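Here we start with a single chain on its own, the form deposited in one PDB entry, put down as structure tokens.
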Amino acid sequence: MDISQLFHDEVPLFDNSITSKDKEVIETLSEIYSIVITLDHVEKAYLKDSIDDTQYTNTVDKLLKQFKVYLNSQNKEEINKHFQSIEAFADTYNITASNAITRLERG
């Protein structure tokens, strides 16, 4: 088949049969991701000595606490279900956040 047939009609963001709980899980993952990405840039900017030492500590403390709140919800099993598939996408397209991941490991 050609592309015109393969990509004929619009595909919805979520399957029309997605449960309320499943959708909630994905939305929680979007928030977790935003913290990971945002934190990665903050960590990097701190390495360049462009951020105030107090402001950095407070901001990263807040981001770490928020990350913990999100993770400790959504059955807790259902979030790990997706983590591996997020890694597969990230590896395919070289999406990295290694400074954030290192910080989240410790705190």
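Heads up, when I say rigid core I mean the largest set of C-alphas that superpose within 1.5 Å between the two forms. Shifts are known only where both forms have a C-alpha. Residue indices: 1-based, along the sequence shown.
Not on display, but discussed next: the form deposited in another entry.
Q: Is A90 one of the residues whose C-alpha moves 2 Å or more between the shown form and the other one after the core fit?
A: After core superposition, the C-alpha of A90 moves 2 Å or more between the shown form and the other one.
Q: Core superposed first: is there a CA shift of 2 Å or greater at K81 between the shown form and the other one?
A: Yes, the C-alpha moves 2 Å or more.
Q: Closer or farther: how do the Cα atoms of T102 and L29 compare in the other form relative to this form, given a change of at least 3 Å?
A: Their C-alpha distance grows by at least 3 Å in the other form.
Q: Can you tell whether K65 sits closer to or farther from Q84 in the other form than it does here, judged by CA atoms, where the change is 3 Å or more?
A: Their C-alpha distance shrinks by at least 3 Å in the other form.
Q: Given a rigid core superposition, which stretches of at least 3 residues have all Cα atoms displaced by 2 Å or more between the shown form and the other one?
A: The segments that shift (3 or more residues, C-alpha shift of 2 Å or more) are 73-77, 80-107.
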